[PDB]
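Peer 1: What follows is a structure written as structure tokens; I'll ask about it next.
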Amino acid sequence: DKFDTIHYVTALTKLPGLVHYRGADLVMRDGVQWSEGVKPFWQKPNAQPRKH
RNA sequence: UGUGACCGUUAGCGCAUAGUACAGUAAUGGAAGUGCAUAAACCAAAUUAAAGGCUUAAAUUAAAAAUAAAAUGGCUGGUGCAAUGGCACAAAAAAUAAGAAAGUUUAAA
Ligand SMILES: [Mg+2]
Ligand SMILES: [Mg+2]
């Protein structure tokens, strides 16, 4: 009940980031760290989300 | 699901299901128990041994088979054999991480 328009918008915009891909559909780069536009992994084609 | 110079009912998980019966006010602790068959301890019964004189010369056999005490009655559940139970990891899958903070990245045709 303690929700406003901003609270609903923020929850929706952050939900996509809380859904993670399968560990079997990701390949880790060697020594790469999170940065501006760079991730420590690359995705295989048509990656699937976690089962649970 | 896969494999074993891992176990085979005092073994292997506490459990061949049981965290049950039971102990405790409580937290808690925690069993026994598969199927078949002359094993042991254990209790009753079981002592001994005698025998002294028919006159003997022409049978039998398809074939085969058929005369001899290693072990009393019990109670108990070891040993031997088997597995609808356990132990260890392996393969596959699953779970899992973010830099930022109401803002943009990672998309194979
Ligand atoms: Mg036995
Ligand atoms: Mg046992």
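Numbering starts fresh at 1 for the residues of each chain in the structure tokens, the chains themselves are lettered A, B, ... in the order given, and ligands are numbered from 1 as they appear.
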Need to verify the contact set: range 41-48 of chain B, 10 Å, only C-alpha atoms (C1' of nucleotides), exclusion of same-chain residues closer than 2 positions in sequence. Can you return it as number ranges by chain?

Peer 2: B: 72-76

Peer 1: Which residues, written as a PDB file with N, CA, C and O atoms (P, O5', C5', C4', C3', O3' and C1' of nucleotides), in the first residue's frame, have at least one atom at most 7 Å from residue 43 in chain A, with only C-alpha atoms (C1' of nucleotides) counted and residues fewer than 2 positions away on the same chain left out?

Peer 2:
ATOM      1  N   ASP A  25      25.011 -21.270 -20.727  1.00  0.00           N
ATOM      2  CA  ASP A  25      24.920 -20.449 -21.925  1.00  0.00           C
ATOM      3  C   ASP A  25      25.850 -19.243 -21.879  1.00  0.00           C
ATOM      4  O   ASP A  25      25.745 -18.361 -22.737  1.00  0.00           O
ATOM      5  N   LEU A  26      26.750 -19.181 -20.900  1.00  0.00           N
ATOM      6  CA  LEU A  26      27.694 -18.083 -20.760  1.00  0.00           C
ATOM      7  C   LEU A  26      29.114 -18.628 -20.734  1.00  0.00           C
ATOM      8  O   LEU A  26      29.365 -19.710 -20.193  1.00  0.00           O
ATOM      9  N   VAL A  27      30.038 -17.877 -21.328  1.00  0.00           N
ATOM     10  CA  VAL A  27      31.454 -18.221 -21.353  1.00  0.00           C
ATOM     11  C   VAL A  27      32.230 -17.066 -20.735  1.00  0.00           C
ATOM     12  O   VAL A  27      32.070 -15.913 -21.152  1.00  0.00           O
ATOM     13  N   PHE A  41      32.012 -11.754 -19.673  1.00  0.00           N
ATOM     14  CA  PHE A  41      31.593 -12.956 -20.380  1.00  0.00           C
ATOM     15  C   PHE A  41      30.940 -12.551 -21.692  1.00  0.00           C
ATOM     16  O   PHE A  41      30.586 -11.387 -21.899  1.00  0.00           O
ATOM     17  N   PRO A  45      24.590 -17.989 -28.673  1.00  0.00           N
ATOM     18  CA  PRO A  45      23.355 -17.611 -29.369  1.00  0.00           C
ATOM     19  C   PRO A  45      22.124 -18.179 -28.677  1.00  0.00           C
ATOM     20  O   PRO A  45      22.126 -19.314 -28.195  1.00  0.00           O
ATOM     21  N   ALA A  47      20.482 -17.509 -25.801  1.00  0.00           N
ATOM     22  CA  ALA A  47      20.656 -17.902 -24.410  1.00  0.00           C
ATOM     23  C   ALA A  47      19.305 -18.010 -23.709  1.00  0.00           C
ATOM     24  O   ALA A  47      18.374 -17.248 -23.984  1.00  0.00           O
TER      25      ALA A  47
ATOM     26  P     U B 106      25.325  -4.550 -27.032  1.00  0.00           P
ATOM     27  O5'   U B 106      25.256  -6.070 -26.563  1.00  0.00           O
ATOM     28  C5'   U B 106      24.656  -7.061 -27.387  1.00  0.00           C
ATOM     29  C4'   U B 106      24.543  -8.386 -26.674  1.00  0.00           C
ATOM     30  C3'   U B 106      23.756  -8.355 -25.365  1.00  0.00           C
ATOM     31  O3'   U B 106      23.037  -9.576 -25.198  1.00  0.00           O
ATOM     32  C1'   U B 106      25.964  -9.083 -24.943  1.00  0.00           C
TER      33        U B 106
END

Peer 1: Give me, as a tab-separated table, each residue of chain B that comes within 9 Å of ligand 2, together with its shortest interatomic pair and the distance in Å at one decimal, counting only C-alpha atoms (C1' of nucleotides) and all ligand atoms, with rows ordered by chain and rising residue number.

Peer 2:
residue	atom	partner	partner_atom_place_in_ligand_line	distance
B:9	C1'	ligand 2	1 (Mg)	6.4
B:10	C1'	ligand 2	1 (Mg)	7.9
B:11	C1'	ligand 2	1 (Mg)	7.6
B:12	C1'	ligand 2	1 (Mg)	7.6
B:13	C1'	ligand 2	1 (Mg)	8.6
B:14	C1'	ligand 2	1 (Mg)	8.4
B:15	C1'	ligand 2	1 (Mg)	7.8

Peer 1: Ligand 1: which residues are within 10 Å, counting only C-alpha atoms (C1' of nucleotides) and all ligand atoms? Reply as an NGL selection string.

Peer 2: :B and (8-9 or 34-35 or 77-80)

Peer 1: Next, dump the selected residues to file, keeping only N, CA and C atoms (P, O5', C5', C4', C3', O3' and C1' of nucleotides), as a PDB file, in the first residue's frame.

Peer 2:
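Once written, part.pdb looks like this:
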ATOM      1  P     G B   8      30.905 -58.993   2.958  1.00  0.00           P
ATOM      2  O5'   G B   8      29.343 -59.239   3.126  1.00  0.00           O
ATOM      3  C5'   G B   8      28.695 -58.937   4.356  1.00  0.00           C
ATOM      4  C4'   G B   8      27.194 -58.972   4.227  1.00  0.00           C
ATOM      5  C3'   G B   8      26.595 -60.353   3.972  1.00  0.00           C
ATOM      6  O3'   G B   8      25.376 -60.504   4.699  1.00  0.00           O
ATOM      7  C1'   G B   8      25.993 -58.880   2.212  1.00  0.00           C
ATOM      8  P     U B   9      25.345 -61.363   6.059  1.00  0.00           P
ATOM      9  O5'   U B   9      25.126 -60.272   7.197  1.00  0.00           O
ATOM     10  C5'   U B   9      24.246 -59.175   6.986  1.00  0.00           C
ATOM     11  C4'   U B   9      23.484 -58.806   8.235  1.00  0.00           C
ATOM     12  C3'   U B   9      23.040 -59.977   9.106  1.00  0.00           C
ATOM     13  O3'   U B   9      22.999 -59.565  10.474  1.00  0.00           O
ATOM     14  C1'   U B   9      21.139 -58.825   8.322  1.00  0.00           C
ATOM     15  P     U B  34      15.924 -60.533  10.908  1.00  0.00           P
ATOM     16  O5'   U B  34      15.208 -60.208   9.524  1.00  0.00           O
ATOM     17  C5'   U B  34      13.879 -60.641   9.273  1.00  0.00           C
ATOM     18  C4'   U B  34      13.633 -60.869   7.803  1.00  0.00           C
ATOM     19  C3'   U B  34      13.601 -62.319   7.348  1.00  0.00           C
ATOM     20  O3'   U B  34      12.366 -62.959   7.613  1.00  0.00           O
ATOM     21  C1'   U B  34      14.948 -61.068   5.871  1.00  0.00           C
ATOM     22  P     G B  35      12.342 -64.468   8.162  1.00  0.00           P
ATOM     23  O5'   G B  35      12.623 -65.353   6.868  1.00  0.00           O
ATOM     24  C5'   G B  35      11.671 -65.423   5.816  1.00  0.00           C
ATOM     25  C4'   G B  35      12.196 -66.197   4.633  1.00  0.00           C
ATOM     26  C3'   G B  35      12.792 -67.564   4.931  1.00  0.00           C
ATOM     27  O3'   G B  35      11.811 -68.574   5.099  1.00  0.00           O
ATOM     28  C1'   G B  35      14.227 -66.376   3.475  1.00  0.00           C
ATOM     29  P     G B  77      17.383 -67.856  19.097  1.00  0.00           P
ATOM     30  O5'   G B  77      18.472 -67.993  17.944  1.00  0.00           O
ATOM     31  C5'   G B  77      19.847 -67.707  18.185  1.00  0.00           C
ATOM     32  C4'   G B  77      20.721 -68.251  17.084  1.00  0.00           C
ATOM     33  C3'   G B  77      20.617 -67.504  15.756  1.00  0.00           C
ATOM     34  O3'   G B  77      21.862 -67.569  15.058  1.00  0.00           O
ATOM     35  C1'   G B  77      19.873 -69.726  15.464  1.00  0.00           C
ATOM     36  P     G B  78      22.365 -66.322  14.176  1.00  0.00           P
ATOM     37  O5'   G B  78      23.810 -66.763  13.670  1.00  0.00           O
ATOM     38  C5'   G B  78      24.979 -66.397  14.388  1.00  0.00           C
ATOM     39  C4'   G B  78      25.974 -67.531  14.450  1.00  0.00           C
ATOM     40  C3'   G B  78      26.615 -67.941  13.132  1.00  0.00           C
ATOM     41  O3'   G B  78      27.708 -67.112  12.773  1.00  0.00           O
ATOM     42  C1'   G B  78      25.897 -69.868  14.312  1.00  0.00           C
ATOM     43  P     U B  79      27.769 -66.416  11.327  1.00  0.00           P
ATOM     44  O5'   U B  79      28.197 -67.589  10.339  1.00  0.00           O
ATOM     45  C5'   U B  79      29.430 -68.274  10.496  1.00  0.00           C
ATOM     46  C4'   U B  79      29.371 -69.649   9.876  1.00  0.00           C
ATOM     47  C3'   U B  79      29.057 -69.692   8.386  1.00  0.00           C
ATOM     48  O3'   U B  79      30.206 -69.503   7.578  1.00  0.00           O
ATOM     49  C1'   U B  79      27.650 -71.210   9.530  1.00  0.00           C
ATOM     50  P     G B  80      30.174 -68.500   6.323  1.00  0.00           P
ATOM     51  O5'   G B  80      29.410 -69.318   5.189  1.00  0.00           O
ATOM     52  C5'   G B  80      30.003 -70.463   4.590  1.00  0.00           C
ATOM     53  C4'   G B  80      28.991 -71.268   3.813  1.00  0.00           C
ATOM     54  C3'   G B  80      28.225 -70.518   2.733  1.00  0.00           C
ATOM     55  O3'   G B  80      28.950 -70.385   1.523  1.00  0.00           O
ATOM     56  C1'   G B  80      26.708 -71.752   4.051  1.00  0.00           C
TER      57        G B  80
END

Peer 1: If you run DSSP on this backbone, which residues of chain A come out as helix (DSSP H, G or I), and could you give them as a PyMOL selection string?

Peer 2: chain A and resi 5-18+23-25

Peer 1: Dump N, CA and C atoms for the selected residues as a PDB file, in the first residue's frame?

Peer 2:
ATOM      1  N   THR A   5       3.603   6.107  -8.133  1.00  0.00           N
ATOM      2  CA  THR A   5       3.925   5.882  -9.538  1.00  0.00           C
ATOM      3  C   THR A   5       5.406   5.574  -9.719  1.00  0.00           C
ATOM      4  N   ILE A   6       6.272   6.316  -9.029  1.00  0.00           N
ATOM      5  CA  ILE A   6       7.709   6.114  -9.186  1.00  0.00           C
ATOM      6  C   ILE A   6       8.105   4.717  -8.724  1.00  0.00           C
ATOM      7  N   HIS A   7       7.483   4.230  -7.649  1.00  0.00           N
ATOM      8  CA  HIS A   7       7.849   2.919  -7.122  1.00  0.00           C
ATOM      9  C   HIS A   7       7.499   1.807  -8.103  1.00  0.00           C
ATOM     10  N   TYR A   8       6.345   1.906  -8.764  1.00  0.00           N
ATOM     11  CA  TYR A   8       5.974   0.891  -9.745  1.00  0.00           C
ATOM     12  C   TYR A   8       6.909   0.920 -10.948  1.00  0.00           C
ATOM     13  N   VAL A   9       7.257   2.115 -11.425  1.00  0.00           N
ATOM     14  CA  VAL A   9       8.150   2.223 -12.574  1.00  0.00           C
ATOM     15  C   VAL A   9       9.514   1.630 -12.246  1.00  0.00           C
ATOM     16  N   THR A  10      10.052   1.958 -11.070  1.00  0.00           N
ATOM     17  CA  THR A  10      11.385   1.485 -10.714  1.00  0.00           C
ATOM     18  C   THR A  10      11.429  -0.035 -10.620  1.00  0.00           C
ATOM     19  N   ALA A  11      10.394  -0.644 -10.040  1.00  0.00           N
ATOM     20  CA  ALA A  11      10.377  -2.098  -9.915  1.00  0.00           C
ATOM     21  C   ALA A  11      10.367  -2.769 -11.281  1.00  0.00           C
ATOM     22  N   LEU A  12       9.578  -2.240 -12.219  1.00  0.00           N
ATOM     23  CA  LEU A  12       9.516  -2.831 -13.553  1.00  0.00           C
ATOM     24  C   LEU A  12      10.850  -2.710 -14.278  1.00  0.00           C
ATOM     25  N   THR A  13      11.497  -1.547 -14.192  1.00  0.00           N
ATOM     26  CA  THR A  13      12.734  -1.328 -14.932  1.00  0.00           C
ATOM     27  C   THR A  13      13.883  -2.179 -14.411  1.00  0.00           C
ATOM     28  N   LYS A  14      13.855  -2.561 -13.136  1.00  0.00           N
ATOM     29  CA  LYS A  14      14.921  -3.366 -12.559  1.00  0.00           C
ATOM     30  C   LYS A  14      14.669  -4.860 -12.687  1.00  0.00           C
ATOM     31  N   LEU A  15      13.428  -5.268 -12.942  1.00  0.00           N
ATOM     32  CA  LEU A  15      13.130  -6.692 -13.058  1.00  0.00           C
ATOM     33  C   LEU A  15      13.952  -7.384 -14.138  1.00  0.00           C
ATOM     34  N   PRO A  16      14.143  -6.817 -15.333  1.00  0.00           N
ATOM     35  CA  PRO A  16      14.944  -7.524 -16.347  1.00  0.00           C
ATOM     36  C   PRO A  16      16.344  -7.870 -15.876  1.00  0.00           C
ATOM     37  N   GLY A  17      16.961  -7.022 -15.050  1.00  0.00           N
ATOM     38  CA  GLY A  17      18.301  -7.303 -14.570  1.00  0.00           C
ATOM     39  C   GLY A  17      18.369  -8.374 -13.506  1.00  0.00           C
ATOM     40  N   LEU A  18      17.256  -8.646 -12.828  1.00  0.00           N
ATOM     41  CA  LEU A  18      17.211  -9.694 -11.818  1.00  0.00           C
ATOM     42  C   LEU A  18      16.996 -11.077 -12.415  1.00  0.00           C
ATOM     43  N   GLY A  23      24.053 -20.607 -16.532  1.00  0.00           N
ATOM     44  CA  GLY A  23      25.502 -20.671 -16.509  1.00  0.00           C
ATOM     45  C   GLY A  23      26.088 -21.468 -17.654  1.00  0.00           C
ATOM     46  N   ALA A  24      25.311 -22.385 -18.231  1.00  0.00           N
ATOM     47  CA  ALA A  24      25.762 -23.173 -19.369  1.00  0.00           C
ATOM     48  C   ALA A  24      25.706 -22.406 -20.683  1.00  0.00           C
ATOM     49  N   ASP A  25      25.011 -21.270 -20.727  1.00  0.00           N
ATOM     50  CA  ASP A  25      24.920 -20.449 -21.925  1.00  0.00           C
ATOM     51  C   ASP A  25      25.850 -19.243 -21.879  1.00  0.00           C
TER      52      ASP A  25
END
